[PDB]
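Residue numbers (the deposited numbering): 127 to 274, 291 to 301, 307 to 388.
Beta carbons: idealized from backbone N, C-alpha and C, even for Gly.
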Ligand SMILES: Nc1ncnc2c1ncn2[C@@H]1O[C@H](COP(=O)(O)OP(=O)(O)O)[C@@H](O)[C@H]1O
Ligand SMILES: Nc1ncnc2c1ncn2[C@@H]1O[C@H](COP(=O)(O)OP(=O)(O)O)[C@@H](O)[C@H]1O
Ligand SMILES: Nc1ncnc2c1ncn2[C@@H]1O[C@H](COP(=O)(O)OP(=O)(O)O)[C@@H](O)[C@H]1O
């Protein structure tokens with residue numbers, strides 16, 4: 127029976143495409159959470175109010191340490207309110223900006239956590255479209271949380308479960324190098340690069356990391372690893388917390 131007056135609103139955690147995210151405490155049970163406020167005008171505009179109900183339904187029923195929890199939601203005439211797990215350390219994206227690249231241990235760890243979340247998702251017949259750093263939040267103890291321009295993160299085949312592994316390979320590269328592997332001056336250039344799987348490695352990328360990324364960034368989906376092969380990859384196990 128949720129309503130706005132059920133919450134004490136605190137400082138804005140960030141602005142999104144369709145509204146603001148606020149720190150908020152539930153007066154009743156005194157839960158801490160992130161109150162995400164979406165404007166229906168702006169959702170109807172972008173034509174996203176459809177996909178929103180869907181995405182909300184699915185995300186309600188995921189329970190996993192590395193997937194951001196959606197506790198509830200509600201609305202009024204003008205806006206939709208999403209009651210979200212509060213992630214106190216911000217986005218992986220902004221952490222990539224603060225730091226410039228991630229070290230191997232940090233990178234291996236995120237990928238591990240990412241692969242578990244996706245393994246869990248696959249076990250529920252749920253598939254992501256793209257996992258970008260902006261879509262990843264960090265928990266109180268630095269744990270990764272999937273929250274869910292865009293070109294950069296799309297597989298050649300979108301331009307099957309196997310999409311989520313191209314995603315891992317894009318992220319793994321971005322984490323280590325500081326830029327996405329297919330980054331180019333225009334849309335058309337980026338389209339070609341992704342389409343032909345054209346990436347190169349800077350010298351500091353070690354042999355193990357190159358091997359994993361290369362296995363993940365395979366143009367043809369059937370040749371991409373199983374999530375389990377990622378988890379057990381020698382470079383992963385060598386560097387993951
Ligand atoms: N659960 C959360 N915990 C902490 N901060 C959040 C949470 N959700 C969103 N934010 C903050 O709000 C910012 C933008 O919100 P969001 O609406 O998710 O962006 P978009 O809709 O553009 O993907 C994020 O960069 C993040 O800092
Ligand atoms: N940290 C939290 N902040 C806000 N709401 C929460 C929090 N933890 C749980 N809830 C709320 O409590 C309800 C159920 O409690 P929860 O522990 O998430 O479920 P369960 O006990 O079944 O695992 C949810 O509908 C959600 O709204
Ligand atoms: N009363 C409160 N007001 C504002 N923020 C709070 C409050 N209580 C806890 N927090 C913050 O919410 C986050 C999660 O709280 P909690 O789960 O108790 O911390 P942790 O998970 O680190 O033990 C932490 O960043 C914490 O500092």
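In the DSSP annotation of this structure, the continuous segment of the beta strand (DSSP E) that includes residue 162 starts and ends at 158-165. Restricting attention to 266, 137, 230, the CA atom closest to the CA of residue 318 is found in 230. Per DSSP, residue 261 has no beta-bridge partner at all.
Cα atoms of residue 267 and residue 210: separation of roughly 17 Å, rounded to the nearest angstrom.
Taking the Cβ atoms as the reference, residue 160 lies roughly 5 Å from residue 147, within the contact range of under 8 Å. About 12 Å separates the Cβ atoms of residue 323 and residue 235, ruling out a contact at the 8 Å cut-off. Residues of the same chain with a CB within less than 6 Å of the CB of residue 265, apart from the 5 flanking positions on each side, are 213, 271 in chain order. The closest heavy atom of ligand 2 lies 8 Å or more from the beta carbon of residue 130. Your pair residue 169 and residue 185 does not check out as a contact, with CB atoms roughly 16 Å apart and the cut at 8 Å.
Residue 146 sits in a strand when the DSSP states are folded into three classes. Under the three-state reduction of DSSP output, residue 217 falls in the strand class. Residue 321 is classed as buried because its beta carbon has at least 16 other beta carbons within 10 Å across all chains shown. Only residues of its own chain outside the window of five on either side were considered, and among them 359 have a CB closer than 7 Å to the CB of residue 380, listed in chain order.
Collapsing the DSSP output to three states places residue 195 in coil. Residue 227 sits in coil when the DSSP states are folded into three classes, being neither helix nor strand. Of the heavy atoms belonging to ligand 1, none sits nearer than 8 Å to the Cβ of residue 372. Straight across, the Cα-Cα distance linking residue 351 with residue 165 is about 45 Å. When beta bridges are read from the DSSP output, residue 210 appears opposite 160, 196.
For residue 271, the enclosing beta strand (DSSP E) has its first and last residue at 270-272. Between the C-alpha atoms of residue 189 and residue 387 there is a straight-line separation of about 23 Å. Distance from residue 130 to residue 207 at the Cβ level is roughly 7 Å; contact confirmed, criterion being Cβ atoms closer than 8 Å. Rounded to whole angstroms, the gap between the alpha carbons of residue 353 and residue 383 is 12 Å.
At the C-beta level, residue 297 and residue 368 come within 9 Å of one another. Residue pairing for residue 340: DSSP places it in no beta bridge.
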